[PDB]
Amino acid sequence: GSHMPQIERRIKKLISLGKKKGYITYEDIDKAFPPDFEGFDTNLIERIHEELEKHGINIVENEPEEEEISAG
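As numbered in the working numbering, residues -5 to 66 make up the sequence shown, in order.
Here it is, written out as structure tokens:
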């Protein structure tokens, strides 16, 4: 279950769609639907976030996973 170049492209497309839609957000991709997704893959979800770090693709979770003392 490898050899998926369409994944690499799709990730960039997904972030691009949200960027087109307005915000670079996981939910904004959902609102971009229908997207360019050739396949829906659980692998894609992890692969998006890895490409996010290694490739640098800008996308936000919208989730406040940047929190401390609950004052911001």
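From the three backbone atoms N, C-alpha and C, an ideal C-beta is built for every residue, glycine too.
Residue of the options minimising C-alpha distance to residue i
i: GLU32; options: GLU2, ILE63, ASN52; result: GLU2
i: residue 76; options: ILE53, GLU45, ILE63, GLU60; result: Because the chain is modelled from -5 through 66, residue 76 falls outside the range shown and cannot be assessed.
Exposed unless 16 or more other CB atoms sit within 10 angstroms - verdict on residue i
i: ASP22; result: buried
i: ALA26; result: buried
i: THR19; result: buried
i: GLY12; result: buried
i: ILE63; result: exposed
Cβ shell of residue i (< 8 Å), same chain only, five flanking positions each side left out
i: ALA65; result: none
Chain-order list of residues whose beta-carbon lies under 6 Å from that of residue i (same chain, five-residue window excluded)
i: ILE42; result: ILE5
Contacts around residue i, its chain only, beta-carbon distance under 7 Å, and the 5 residues preceding and following it disregarded
i: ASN52; result: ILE9, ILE18
For residue j and residue i, believed in contact at Cβ under 8 Å, the rounded distance
i: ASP35; j: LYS7; result: So it is not a contact: roughly 14 Å between Cβ atoms.
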